[PDB]
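Engineer: Supplied in structure tokens, the structure appears directly below.
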Amino acid sequence: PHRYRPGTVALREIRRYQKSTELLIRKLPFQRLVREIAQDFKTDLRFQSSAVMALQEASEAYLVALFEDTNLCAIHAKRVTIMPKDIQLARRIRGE
Amino acid sequence: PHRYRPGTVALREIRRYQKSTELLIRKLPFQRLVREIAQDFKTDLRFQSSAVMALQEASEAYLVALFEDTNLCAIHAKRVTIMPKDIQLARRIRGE
Amino acid sequence: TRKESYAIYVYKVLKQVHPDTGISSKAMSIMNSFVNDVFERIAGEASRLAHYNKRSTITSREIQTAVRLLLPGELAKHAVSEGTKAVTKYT
Amino acid sequence: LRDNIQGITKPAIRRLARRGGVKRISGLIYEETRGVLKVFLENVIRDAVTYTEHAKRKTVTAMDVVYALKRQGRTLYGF
Amino acid sequence: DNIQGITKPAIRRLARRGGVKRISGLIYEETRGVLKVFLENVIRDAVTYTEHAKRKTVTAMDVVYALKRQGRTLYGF
DNA sequence: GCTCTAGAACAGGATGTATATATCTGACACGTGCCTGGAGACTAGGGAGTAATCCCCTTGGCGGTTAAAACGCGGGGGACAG
DNA sequence: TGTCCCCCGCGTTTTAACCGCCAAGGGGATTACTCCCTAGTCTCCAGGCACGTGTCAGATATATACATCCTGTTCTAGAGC
């Protein structure tokens, strides 16, 4: 049962997902979540495909940048595992 | 002689400098620093007193916010002291 | 040239809200700067809204959308309520 | 349809963190990032629907979305 | 020499206003450096604003516009 | 059972922040002396509204196939501290 | 620093995403035409900007009261002979 180390495949996935620009969240769940969020604002609202696409690109970019900031917070705290306190600190630093 | 524990004088200074809005940075050194910085861009450049005041207020508020983020990062790292790495992390998250 | 100031306007607003509360000159300048900054932000958002759909005019709906975009939550809702009440009182 | 916050799956979050260079990903961060992704989405979506309702528009276009992203200082290129 | 003109107790008071209990000894130079960078950016913007108006003195007004164009708007001026 | 060391909690003294005037220069804001700026009202033609398709395009419906997510499982990693 | 809980890595299933084609009905775009509401200009008057000045809100300050820290001290419990 050859098994790789818990942390080498992590770095390999980091390199793979940093080199590639393919999107990570599937389009259908993100579209459904966008419709769920928007149904509280406007009743019977339609989303064009390019609108959902752009929203997905922006959302993944924001999440990726926040993940780099939380990772930097983790290494700053002499740690490897990110925790929701890192996300809260990163949000509060930018005043979000 | 009377001795105070490390921290209560610090907390008292925190309180007394947070209730009042006095000018912590002295006028003359900040003015001299402003003239020194501006002399590299434009020679024989003047600064009215209200301009120096405004720049000093903006700088002091910015440095206070940066120190707040620095202390926030220090508490996130389970640390009481604030280190230059904390300032670097806060500026990197803030994109400065 | 001369410079505009909103000293009397903020003064009468304060006396309408608190009839027995004064205000300093530095606080007057702070209020002036705040009102001018909000005016510039709302006007820029309304101009962007007009340019967005090839409209050369700014109406009450442009300022409404600008307020809803800038002001958050209940502050935005109360601003729309006050603006609507002002327009209905005008007409 | 409701309860669509679970659409952003845990492996999708893990992929997003790997793109961010995160080696070790806690099991408790997935709820938090779903919350922050939701909050960012409500902000951008409420700006987009205000833009849509301003222009007598009923379907949200890509243009308004990227204009909303730019007015929150997060301008998106490519649309 | 005016970069060191600002004092260590001034930086301590600045951190006290920021709610910091204690300050490390090697962060004073870093705070001075980042303050120099911020002041350099703001002063460069104000210098460009002053030179655009054919003016040789930096007034307070274009300073607050220089700060506001950087997302750091100043009130009271 | 008698002698004696040591921990523990108020007792008064020291010091700190804080209320109470005491007062004093200091600008807040009314009064006034003007004053410039939009209110009232034509002139009218340019942008917006209404429609009027128009299409167009995004939502939903037949699945097919399969990359991927959820299910625990196992041993290594390491986050939280004294 | 030891460790026991927490996260990662193949296995398996299943599970929904991506895809292929089409009805189809509500919705963005602009042309023919109209409208009421908006830029411009003539005159001016009541709202508005700038200077004078009384004084009361605020600023600086001494002295004195309530509140907390602390050192002194008295008492009682327990070890030793």
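Throughout, chain E uses Swiss-Prot numbering, with the displayed residues spanning 25-101 in order.
Cβ from N, Cα, C; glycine included.
In case it helps, Swiss-Prot gives these features for our protein:
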| type | residues | note |
| --- | --- | --- |
| CROSSLNK | E:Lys32 | UFM1 cross-link |
| CROSSLNK | E:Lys92 | ubiquitin cross-link |
| MOD_RES | E:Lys32 | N6-glutaryllysine |
| MOD_RES | E:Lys60 | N6-acetyllysine |
| MOD_RES | E:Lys60 | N6-glutaryllysine |
| MOD_RES | E:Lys78 | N6-propionyllysine |
| MOD_RES | E:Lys78 | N6-lactoyllysine |
| MOD_RES | E:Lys80 | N6-(2-hydroxyisobutyryl)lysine |
| MOD_RES | E:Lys80 | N6-glutaryllysine |
| MOD_RES | E:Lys80 | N6-propionyllysine |
| MOD_RES | E:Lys80 | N6-butyryllysine |
| MOD_RES | E:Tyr89 | phosphotyrosine |
| MOD_RES | E:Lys92 | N6-glutaryllysine |
| MOD_RES | E:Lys92 | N6-butyryllysine |
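Just tell me what is around each of these and how deep it sits.
Structural biologist: Sequence-distant neighbours of E:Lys32 (UFM1 cross-link) (same chain, six or more apart, CB under 8 Å from its CB) are E:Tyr52, listed in sequence order.
In the three-state DSSP reading, E:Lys92 (ubiquitin cross-link) counts as helix.
In the three-state DSSP assignment, the secondary structure recorded for E:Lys32 (UFM1 cross-link) is helix.
In this view, E:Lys60 (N6-acetyllysine) is surrounded by 15 other Cβ atoms within 10 Å of its Cβ, with every protein chain counted.
For E:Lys78 (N6-propionyllysine), no same-chain residue lying six or more positions away in sequence has a CB closer than 8 A to its CB. A coil conformation is recorded for E:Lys78 (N6-propionyllysine) in the three-state DSSP classification, outside any helix or strand.
In sequence order, E:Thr74 are the residues near E:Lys80 (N6-(2-hydroxyisobutyryl)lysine), counting only same-chain partners six or more apart with C-beta under 8 A.
Same-chain residues at least 6 positions away in sequence with a Cβ under 8 Å from that of E:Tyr89 (phosphotyrosine) are, in sequence order, E:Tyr73.
Counting only residues at least six positions away in the same chain, the Cβ atoms of E:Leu98 sit under 8 Å from the Cβ of E:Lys92 (ubiquitin cross-link).
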